[PDB]
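So the protein lines, in turn, are chains A, B, C, D, E, F and G.
To convert a position in the first sequence, counted from 1, into this note's numbering, add 583.
To convert a position in the second sequence, counted from 1, into this note's numbering, add 15.
To convert a position in the third sequence, counted from 1, into this note's numbering, add 756.
To convert a position in the fourth sequence, counted from 1, into this note's numbering, add 11.
To convert a position in the fifth sequence, counted from 1, into this note's numbering, add 1157.
To convert a position in the sixth sequence, counted from 1, into this note's numbering, add 109.
To convert a position in the seventh sequence, counted from 1, into this note's numbering, add 109.
Using N, Cα and C, we set each Cβ at its ideal position, and we do this for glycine too.
Just below is one structure, and these are the notes that go with it.
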Amino acid sequence: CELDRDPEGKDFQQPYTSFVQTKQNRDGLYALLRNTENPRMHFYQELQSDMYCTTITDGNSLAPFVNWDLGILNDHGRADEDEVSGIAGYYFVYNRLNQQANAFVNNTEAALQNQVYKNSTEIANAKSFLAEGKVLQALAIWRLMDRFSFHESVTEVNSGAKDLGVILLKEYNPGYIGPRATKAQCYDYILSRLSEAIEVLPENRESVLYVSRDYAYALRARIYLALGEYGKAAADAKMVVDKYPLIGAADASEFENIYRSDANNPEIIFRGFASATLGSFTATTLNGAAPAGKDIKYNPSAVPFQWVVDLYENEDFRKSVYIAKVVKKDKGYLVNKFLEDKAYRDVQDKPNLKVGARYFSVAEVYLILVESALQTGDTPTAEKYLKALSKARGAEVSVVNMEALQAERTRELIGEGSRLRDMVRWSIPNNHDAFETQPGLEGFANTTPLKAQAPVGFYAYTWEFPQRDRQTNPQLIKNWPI
Amino acid sequence: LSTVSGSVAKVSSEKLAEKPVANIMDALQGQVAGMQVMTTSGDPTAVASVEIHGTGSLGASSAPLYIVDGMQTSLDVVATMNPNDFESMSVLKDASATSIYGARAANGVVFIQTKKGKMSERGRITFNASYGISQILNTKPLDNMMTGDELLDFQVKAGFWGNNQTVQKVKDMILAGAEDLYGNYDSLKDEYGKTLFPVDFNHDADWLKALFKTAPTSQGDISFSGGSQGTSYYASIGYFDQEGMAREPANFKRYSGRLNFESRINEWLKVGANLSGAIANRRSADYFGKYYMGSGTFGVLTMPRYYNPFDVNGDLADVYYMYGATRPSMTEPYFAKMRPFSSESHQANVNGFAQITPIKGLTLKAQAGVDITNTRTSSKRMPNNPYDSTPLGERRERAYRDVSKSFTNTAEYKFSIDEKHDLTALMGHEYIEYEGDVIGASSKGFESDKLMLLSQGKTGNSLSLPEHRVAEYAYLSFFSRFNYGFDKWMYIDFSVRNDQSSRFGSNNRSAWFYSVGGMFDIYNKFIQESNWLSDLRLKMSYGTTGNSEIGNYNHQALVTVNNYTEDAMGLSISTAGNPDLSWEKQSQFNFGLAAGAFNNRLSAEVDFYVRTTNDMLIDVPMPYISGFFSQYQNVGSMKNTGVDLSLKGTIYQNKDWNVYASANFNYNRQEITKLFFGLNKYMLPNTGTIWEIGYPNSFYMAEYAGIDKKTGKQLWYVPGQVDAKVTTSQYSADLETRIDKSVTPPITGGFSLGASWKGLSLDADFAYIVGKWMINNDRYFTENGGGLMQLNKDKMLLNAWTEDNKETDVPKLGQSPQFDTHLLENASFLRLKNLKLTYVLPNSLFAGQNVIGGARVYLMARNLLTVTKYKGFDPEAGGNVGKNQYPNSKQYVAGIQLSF
Amino acid sequence: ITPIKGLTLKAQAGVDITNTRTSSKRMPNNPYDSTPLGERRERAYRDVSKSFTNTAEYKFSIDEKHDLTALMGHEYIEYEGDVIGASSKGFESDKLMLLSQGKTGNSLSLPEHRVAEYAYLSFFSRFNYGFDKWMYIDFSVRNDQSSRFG
Amino acid sequence: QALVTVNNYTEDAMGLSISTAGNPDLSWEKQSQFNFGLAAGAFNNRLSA
Amino acid sequence: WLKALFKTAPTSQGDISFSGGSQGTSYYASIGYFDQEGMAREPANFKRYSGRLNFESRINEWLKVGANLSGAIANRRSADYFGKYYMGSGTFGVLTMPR
Amino acid sequence: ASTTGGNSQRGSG
Amino acid sequence: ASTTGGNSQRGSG
């Protein structure tokens, strides 16, 4: 009378037996990545900066990040099987990515030792897979470090935290509880991994849907700039900045139809697969978009302050695409960078506000090199690239001078979660209470004061560890004094 | 079913009858000693929660094992049956009674027996028919919320609209001038200002009647019984139709049939069979328990009174207006007709048995049965409505199947061997087995009501993927159980089991349990006769049970599909692993005493217990760095120590004029022993509760002090700091400490009355639960000046600390509140569950008429009186947290019975 | 129900339910196939016809050689049918062939759906006649409506 | 009935084609029987036809 | 080619049934199974699991009721390349396929 | 909208 | 293949 019952749908975990198996687990990892390094997940560190104010439509969904409600941001989020959101969710999905990747990276290494592959062509492809897993290992730890370890420039902290990283787990080991390792340990790990992969990935990108060597250098360049290694940041950026043309536009309308197209826009270095039936998603947090027949109507929970509008020259293409004058039909601006990609519509006539997961576009590598060059004293290759990017966008920049690098990086990366981290390296306090709201939206976007101030070196620019890992592991040093 | 060592309760047919509700278990509230039942939703689709004695485990389930006529069913099935078919209910609450069962008997069992007609020689035929309505018990929540322009000045003064603005500017046209919205829709373009004002700062509207209604309930029954030589039959047919009081649609209706039969074939063989079945439409309203701008009880309180969802005729409009909206928001009736739903379940239950008695003592008995339930369900998004995102429709069709079949055949050889040496030896086996199934398909792009077949859909980017789910388990158990006699006073009985389950691995599925207990008849031995004391029995038992209700696949190391592209599949890692997962094992010690006085017309029983859960099944929360959420593990232990007592009386005051009374009580104290990863406490994140090895399972917050009359800010006691008691103003995470309440209420039980006269009757059953606390999550919103300022709030925010006003205790406007103790309420209550008033027609009115010979008249009422401690609709509907809740209901019935 | 001697009132009802359910696969990876990708089709039928037929027959004699019976009642049949089907393709392993684990593009299909229903409403009457014990005469008459016609 | 069904051309709007001819006057097919019969049994109602 | 396309296929059935009655009440009851397998090597078969409970009773001298309930669980699979011309299948195959 | 102002999450049902 | 050589089509079933 045999009575063991196994589930339909699932299979057992086993060591990798055959090339084909390796390749499949490899897609599942790239599949997992699309729901991790995803625009919806960075909308938190976007709202917390000094650019937005909350409208009368919010139902306390954004106000905790926009207004620094520290009593909410301590515990914030969920990561059960019903929801995955907020700070808890950000913490979770990345650790899952490190863990699932650790399993890929190790099992493929094991498959090579046991000589499971068949010919030289499999074994070579295997090794390049292994290198791709190392880039994603690295992406996961750094994306966790950016939000959960203090910048080297912080005042009061919890006794013991000011030089620590994250719980660093380099193997598939879900049954581990340990303490956080040092900053010096994680940063050498992120960085070695990136380098071990660059010696192996081929020089020319093979698909825009898979980690390439061109991605690797652009990522390391991004990380160095956060560290401040302005010298090394520029030298990796150079390796790739010239391989991706900027968008060639004659007016605003021509710009919008290319920037919004994952398949055409020749600035994209790595993105996750997308169709209308797999891999699209709405990202309507910042614009409040909703279809009405074959039109589009707006009701946002945050609109930028007046001064964000004022970075953009009126003839700048981005002052109708990255931001768009669509609030109250035509009286104020909202951040429309994530409006749509029309290739994902179910029916051509009708908007569905679906977009794709983009991982690195070339406009960032330009703004990395300009800023690194300004610090290391290379004004030649620092207006060459700053004017080029500013002009191809419609408004070339007057002076090249780091005060203009700051406004131009802000102009290009709005909605992409870079302003908070930037205003910590540039030693900018919040000043939310002091800015002026858009005068066209009165009665709609009104002034709401802070619930905690954010002068420089305030601990709350870093997020607090989620109370699941605090509660489950009292060997963990938390970050906030409170 | 019951043993003489153990503790047992029995409810009669009389308590399981009418009660205008699909949830039968609602009738057992405060009706069995140690049977704590609570219904957390006033939805007709709802089924109550039951914990016998204690809460058994921390991960695995604690509801009792439900058994009808020998086969394990489920509260969902039991609701498709007709209660006038139910003969009695037995609650087997210790561990000697539940010693032949084997699945989750750790939580007791609950045994339903269906009517089988008394043999007699004629025939009985009864007819029932009742009608009634559901209303709503609590109105107090909206007795003190700001009115139309009451909260405008609240909003203006806190500058939520504009920095400097006047009350009229804020309405004069900012939102009274979003008639520009209505004039873009052809329907309402020229009915704004005519028949339909959706904003109005004068006559503010009634949001409660806009979102809740008085809903009718109707049922009726016809049933035949009778028998003859050695053969009996019961038979009934009946219908039931209850409609939910929420205007958001909810309802439940069944059409019931039952044919019960048993026959003595000869003096060596005898067989039986009872067959049931129904046809039921259940539709459940499910925006409840979630926070949505204008829906639910949360809506009736928060929606501003200057938003008006009625036409000029006092009738519900198709749509109302907020401010800044794109698309007008549709009301719950018009939403319902733009978004239809129907399910139809086809339930079947067959049960048969065969007894064979070869030689005197042994009684071989084989039993089998089957439970089939195919349900089928359709749902549409109606094409072309003006208030939608697109004007293209869609349709979803699902197809469920559930087929659990059981065998249980025993062989019992009783026989004496003295005159004072009785004995029985019983022993057989069981085999349950289950298979489930779901299928779903979806299609979109429809352009007309008449052309919405599933195969007439758009073809591209409009195609979907099907739905599919598959589930199956099994149980194989062997048992044995002997009873012993010595004279007529001393009883000893001892039993032993062996359970295997498919929910555990191949090297961990078996587990043996055993029971031992005994009874002493102190009246038939040591006191042979008396003048006041009728009966007196002392009994005691101890046994090990077993709990298994988790999930069917929670022990394997599994991989699923995660697809990246459209041209090859991909694999991701899905579940953690645990080869060593096995049974959670409990153990009970029961010591009890029963007695009866006057003339066995004054009875009472008292039992004391200790229930220990060892080798527990926790869904152990894992650290997120691991990458998973949970994994079930044999980890920890727990204790429930308590006592229950029941007693019934008979104060009858005449000779035809009876007066009855009965009461119930239980107190259980919980205590955790071992936890997971070596911890001594573990807070459940975002819940307000904690599992500390300390004592029970209790709330975990920050003790709230008040406000500083000097600064207007908020204060909190600091945990562990005293004055020669410290207060702070900067909320810290480490301001939170185990408060000494407890989530699972500790005192359960009720009491009932009874009376009479010449026919006329009146009966009253009460029930209570004391020591129950809840977090009024709704007050997080209605009681703060820090956010969500679009919403209406409690009148009290009109006294917040300023500088010109300073002698109150509602804090300054600018701050948001925390989940502390201004939200822990005492959700304790006593309910008057039923209140009947029957009148059996005089026997002398059926004189010449040989057609009848029976009649009665009802006038019932359920949940009509409730003792509010809680400040928010219904204190039952919740536990842990009290969200946008679906209140329980009050009913007014009126039945009529015809007997012949 | 037999109130008074001759008449025999008789009400009858019944119901016929039949839910069938059917699965079919093209097994992935065999060497002698067109592709090595599998597929699965799941169907769900339902048939529910219910009938009533209640008569009222009053037989009675009136002589010794004048027997008679007069019968007459009505019927109402009624039917509802139903089918549901879903298909998925691109499967790469025996253990992973759930219907929701299919390929996503040009691999998606359309569901299946069929719906059918009719009814019948008929009234009848039918008498028998006797004269002595040798001669019998009986005459009957109907009225049929059906949903199959306009 | 005189009926129209869906015939879809593109993926961005539905189309209608003509599906069945029509016949409002359709009604019952009507039959009629005339039966004339004779039955008998012999020996001892143990030989019938 | 005949043995290549057709087989000898087993068929099996069995039944248990109880009847009896008493004063004015009668019952029939049966349970049984059936399993016939098609002789075509191209798979075809039919199998049912049958139950039946028949009952009728005289309640009094004015009322009398009855009820008979049946039901089954059946697997029918039908071979359906027959009646069509395909190169190596069916009786058409046993004759036309070259030896 | 969907005002998730607090919404403390049920832990017992 | 599928040899529809003649295949006269059934008219009665």
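Exercise. Whose C-alpha, out of E/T1182, E/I1173, E/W1158 and E/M1254, is nearest the C-alpha of E/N1225?
Worked result: E/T1182
For this session: Say yes only if the C-beta of A/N848 is nearer than 7 Å to one or more non-hydrogen atoms of ligand 2, and no if none qualify.
Result: Inclusion of ligand 2 in the displayed structure is not the case, the ligand content being empty and no account of it being possible.
Exercise. Between the Cα of B/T425 and the Cα atoms of B/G863, B/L107 and B/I371, which residue gives the shortest distance?
Worked result: B/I371
For this session: May I have a chain-ordered list of the alpha helix (DSSP H) segments no shorter than 4 residues that lie completely inside the stretch 892 to 943 of chain A?
Result: none
Problem set entry | Collapsed DSSP secondary structure at B/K375 in the structure displayed | coil
Problem set entry | Residue closest to A/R617, alpha-carbon to alpha-carbon, out of A/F943, A/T691, A/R1004 and A/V904 | A/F943
For this session: Quick one: which residues of the stretch 593 to 623 of chain A get their C-beta closer than 8 Å to a C-beta of chain F? List them in chain order.
Result: none
Problem set entry | Proximity winner among B/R846, B/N389, B/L469 and B/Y710, relative to B/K654 (alpha-carbon distances) | B/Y710
Problem set entry | D/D23: contacting residues in chain A (beta-carbon distance under 8 Å) | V930, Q931 and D932
Exercise. Per DSSP, A/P874 is paired with what?
Worked result: A/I879
Exercise. Shortest alpha-carbon distance to B/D723 belongs to which of B/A717, B/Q745, B/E707 and B/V511?
Worked result: B/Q745
Exercise. A/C636 and A/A1028: beta carbons closer than 8 Å?
Worked result: yes
Exercise. For B/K305, which residues from the same chain have a beta carbon less than 7 Å from its beta carbon, with the 5 sequence-adjacent residues on both sides left out?
Worked result: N899
Problem set entry | Contacts of E/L1220 in chain C (Cβ-Cβ under 7 Å) | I757
Exercise. Nearest chain D C-beta to B/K395 closer than 8 Å, yes or no?
Worked result: no
For this session: With a threshold of 16 other CB atoms inside 10 Å of the CB of E/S1227, please say whether the residue is buried or exposed.
Result: exposed
For this session: Check the Cβ of B/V365 against every Cβ in chain E and list those closer than 8 Å, keeping chain order.
Result: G1208 and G1228
Exercise. What does C/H830 pair with, by DSSP beta-bridge criteria?
Worked result: C/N810 and C/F879
For this session: Could you check what DSSP says for C/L854 in three-state terms: helix, strand or coil?
Result: coil
For this session: Any chance you could list the beta strand (DSSP E) runs of at least 3 consecutive residues sitting entirely within the stretch 633 to 702 of chain B, in chain order?
Result: 647 to 649, 652 to 665, 675 to 689 and 696 to 699
For this session: Note down, in chain order, each residue of its chain lying with its Cβ closer than 6 Å to the Cβ of B/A381, except the 5 sequence neighbours on either side.
Result: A369 and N424
For this session: Ignore the nearest five residues each way along the sequence and tell me which others in B/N523's own chain have a CB closer than 7 Å to its CB.
Result: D595, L596 and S597
Exercise. Would you say D/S38 reaches chain C, if we count a Cβ-Cβ gap shorter than 8 Å as a contact?
Worked result: yes
Exercise. Are the C-beta of A/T640 and some C-beta of chain F separated by less than 8 Å?
Worked result: yes
Exercise. Residues bridged to E/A1197 by DSSP?
Worked result: E/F1163
Problem set entry | Residues near D/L14 by beta carbon distance below 7 Å, same chain, minus five either side | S30 and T31
Exercise. Which residues bound the alpha helix (DSSP H) around B/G314?
Worked result: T312 to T317
Problem set entry | Chain-ordered neighbours of C/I773 on chain B, where CB pairs are closer than 7 Å | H361
For this session: Check the Cβ-Cβ distances between residue 1277 of chain E and every residue of chain G, and say whether any is below 8 Å.
Result: Given that chain E is displayed from residue 1158 to residue 1256, the structure contains no residue 1277 of chain E and the question cannot be resolved.
For this session: Select from B/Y639, B/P231 and B/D464 the residue whose C-alpha is nearest the C-alpha of A/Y673.
Result: B/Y639
For this session: Tell me A/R617's beta-bridge partners as DSSP assigns them.
Result: Answer by DSSP bridge pairing: none, since A/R617 is not bridged.
Problem set entry | Residues bridged to B/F255 (per DSSP) | B/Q234 and B/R269
For this session: Taking only the alpha-carbon atoms, compute the straight-line gap between A/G1026 and B/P324 and give it to the nearest angstrom.
Result: 23 Å
Exercise. Should the stretch 607 to 617 of chain A be called in touch with the stretch 977 to 991 of chain A, which here means at least 3 C-beta pairs below 8 Å?
Worked result: no
Exercise. Would the beta-carbon of B/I447 fall within 8 Å of that of B/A489?
Worked result: yes
Problem set entry | Outcome for A/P1032 when other beta-carbon atoms lying within 10 angstroms are tallied against a minimum of 16 | exposed
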